[PDB]
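Protein chains: 2
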Amino acid sequence: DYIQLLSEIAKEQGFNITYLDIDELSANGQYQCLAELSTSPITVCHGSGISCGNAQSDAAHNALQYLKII
Amino acid sequence: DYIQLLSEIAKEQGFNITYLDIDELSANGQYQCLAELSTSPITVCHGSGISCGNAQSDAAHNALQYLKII
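Protein chains in written order, with the entry's author numbering: chain B, 30 to 99; chain A, 30 to 99.
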């Protein structure tokens, strides 16, 4: 998965990623995921969670894609 | 009107958010929006939608969600 790609780079660069599902109201299922970058400034990326683990992939893909564009 | 609601609460607390939507990409795939806090410490929020307007709604809605999780 995309998370595996970031994790490999994280250990080499000494980075840390915090993935969390739903803000707090998981009972109603928001169908979204949120990731927070601990090493760099606090940045929050949103996941879609349209599939089994699409949310995690969308957040990692968005970060990697964003870095490429800049 | 998620954006309109955010505008009212933001002014009530004196908080402001600078939205920067990338003109790149096309409606074919999905739009993207970057939310950066200027009065608040530097944090960039990634949002997305299927058509021009949906991404703005998710990006704006995520701001309220980040308060619940943090």
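Quick reminder that beta carbons are idealized off the backbone N, C-alpha and C, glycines included.
Unbroken alpha helix (DSSP H) run spanning residue i, endpoints
| i | result |
| --- | --- |
| residue 42/B | 31–42 |
| residue 69/A | That residue, residue 69/A, is in no alpha helix (DSSP H); it is neither H nor E in DSSP. |
| residue 98/A | 83–98 |
Beta strand (DSSP E) segment containing residue i, residue limits
| i | result |
| --- | --- |
| residue 59/A | From DSSP, residue 59/A is part of no beta strand (DSSP E); its letter is neither H nor E. |
| residue 77/A | 73–78 |
Any C-beta of chain A under 8 Å from that of residue i
| i | result |
| --- | --- |
| residue 72/B | yes |
| residue 91/B | yes |
Beta-carbon spacing of residue i, residue j below 8 Å
| i | j | result |
| --- | --- | --- |
| residue 60/A | residue 81/A | yes |
| residue 75/A | residue 95/B | yes |
| residue 62/A | residue 84/A | yes |
| residue 72/B | residue 72/A | yes |
8 Å Cβ cutoff, residue i in contact with chain B
| i | result |
| --- | --- |
| residue 58/A | no |
Identity of the residues DSSP links to residue i by a beta bridge
| i | result |
| --- | --- |
| residue 48/A | 64/A |
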